[PDB]
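Structure, as structure tokens:
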Amino acid sequence: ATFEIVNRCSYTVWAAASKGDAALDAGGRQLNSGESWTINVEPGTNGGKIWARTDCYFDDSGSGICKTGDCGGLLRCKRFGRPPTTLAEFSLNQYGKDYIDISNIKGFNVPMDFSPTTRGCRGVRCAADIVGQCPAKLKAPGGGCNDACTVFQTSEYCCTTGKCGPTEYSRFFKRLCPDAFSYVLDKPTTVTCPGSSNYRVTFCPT
């Protein structure tokens with residue numbers, strides 16, 4: 001499957017693509033404002049994520065640090081990134097279907113649109129100013145708006161027992177971005193697309 005990753009932000013981002021134990025395609029790349037990066041994702045990929053990283057410094061060997069979304073200091077991510085990270089999530093060719101969603105479960109750093117470029121399903125978007133509106137206790141100094149599980153590490157926010165409800169913090173993310181997951185047991189906002197669809201992830205779509 002092809003993913004086109006487009007940076008419409010006025011600032012540079014470092015895109016990342018991983019399935020948690022391996023890079024997807026090259027795993028990461030710098031995207032200046034306006035740049036597009038096309039990656040190929042193997043069919044059947046389960047649990048892939050794409051996210052943006054902000055304020056990165058990397059040396060010639062691809063080693064460095066980012067203020068949001070850092071994946072163990074590598075330009076080319078093999079693992080998932082440190083919150084806060086707005087997440088495009090996907091599982092492809094699962095019994096004939098693709099499933100896509102945007103998640104705020106690991107916080108929010110950059111607004112995002114996640115849309116198919118082939119026919120047969122709709123896209124999802126979280127483009128509100130969550131960082132500007134972020135509650136004081138969730139604000140991350142590096143930038144971004146953390147989720148409550150990251151900040152407070154309780155069974156309720158992290159849903160560790162498999163029973164948890166919405167919270168004041170999850171409802172904040174949900175109020176600004178209803179089409180993104182706001183906590184682990186949120187009513188799902190997954191979209192079902194035809195198997196082997198292609199997609200575009202746009203940072204700062206508005």
Side-chain angles (χ1 to χ4, degrees), residues 1 3 5 7 9 12-31 37 39-58 62-77 80-92 94 98-114 124 126 130-131 138 140-153 157-160 162 164 169-170 173 177 180-186 188-191 199-203:
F3 282 71
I5 301 163
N7 182 22
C9 308
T12 300
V13 301
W14 286 258
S18 173
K19 63 176 197 68
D21 59 1
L24 299 182
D25 198 288
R29 212 200 84 170
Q30 183 174 323
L31 293 180
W37 176 37
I39 65 173
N40 280 288
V41 175
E42 198 175 319
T45 291
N46 206 279
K49 307 194 191 296
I50 288 158
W51 67 103
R53 297 164 294 175
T54 60
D55 290 309
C56 302
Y57 295 85
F58 294 109
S63 189
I65 179 74
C66 304
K67 294 208 181 161
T68 63
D70 187 72
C71 61
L74 303 183
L75 173 58
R76 287 175 283 278
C77 293
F80 294 136
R82 183 175 195 266
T85 54
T86 319
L87 294 171
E89 304 184 311
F90 50 86
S91 294
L92 312 175
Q94 302 296 300
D98 293 355
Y99 296 92
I100 71 171
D101 68 77
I102 288 177
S103 171
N104 289 318
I105 288 165
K106 299 291 184 187
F108 173 104
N109 62 338
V110 169
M112 168 191 290
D113 179 279
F114 186 8
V124 285
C126 173
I130 286 184
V131 178
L138 296 184
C145 185
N146 286 308
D147 65 285
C149 169
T150 294
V151 174
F152 293 105
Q153 298 276 277
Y157 293 138
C158 304
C159 213
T160 72
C164 59
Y169 297 122
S170 73
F173 289 93
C177 283
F181 281 85
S182 68
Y183 71 107
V184 172
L185 287 184
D186 206 354
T189 48
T190 311
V191 178
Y199 301 95
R200 177 178 291 121
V201 179
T202 309
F203 304 123

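In what follows, residues are counted from 1 in the order of the sequence shown. Only heavy atoms go into these numbers, but all of them, side chains included; no hydrogens, no water, no symmetry mates.
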Exercise. Taking it one step at a time, do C56 and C66 satisfy disulfide (SG to SG under 2.5 Å)?
Worked result: CA-CA 4 Å; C56 302; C66 304; 2.0 Å; yes
Problem set entry | Audit row: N146, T150, side chain to side chain donor-acceptor pair (under 3.5 Å) steps and yes/no | CA-CA 7 Å; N146 286 308; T150 294; 5.2 Å; no
Problem set entry | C158 vs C164, disulfide (SG to SG under 2.5 Å): CA-CA, chis, key distance, verdict | CA-CA 8 Å; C158 304; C164 59; over 6 Å; no
For this session: Please assess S170 against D186 for the test side-chain contact (heavy atoms from CB on, under 4.5 Å), listing each intermediate value before the final yes or no.
Result: CA-CA 9 Å; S170 73; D186 206 354; over 6 Å; no
Problem set entry | Test log, rule side-chain contact (heavy atoms from CB on, under 4.5 Å), inputs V201 and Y199 | CA-CA 7 Å; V201 179; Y199 301 95; 5.6 Å; no
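Test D70, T12, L75 against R53 for side-chain contact (heavy atoms from CB on, under 4.5 Å) and you get one pass: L75.
For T86, the side chain to side chain contact (heavy atoms under 4.5 Å, CB included) partners are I102, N104, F108, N109, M112, not counting sequence neighbours.
Between the side chain of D147 and the backbone N or O of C149 there is at least one donor-acceptor pair closer than 3.5 Å.
Aromatic pair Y157/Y183: centroids not less than 6.0 angstrom apart. The aromatic ring centres of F90 and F3 sit less than 6.0 Å apart.
Put simply, the side chain of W51 reaches to within 4.5 Å of the side chain of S18, judged on heavy atoms.
Pairs passing the salt bridge (charged side-chain N to carboxylate O under 4.0 Å, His left out) check and including a residue from residues 98-112, sequence neighbours excluded, do not occur.
Within 6.0 Å of the CD atom in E42, the count of heavy atoms belonging to other residues, nucleotides or ligands does not exceed 12.
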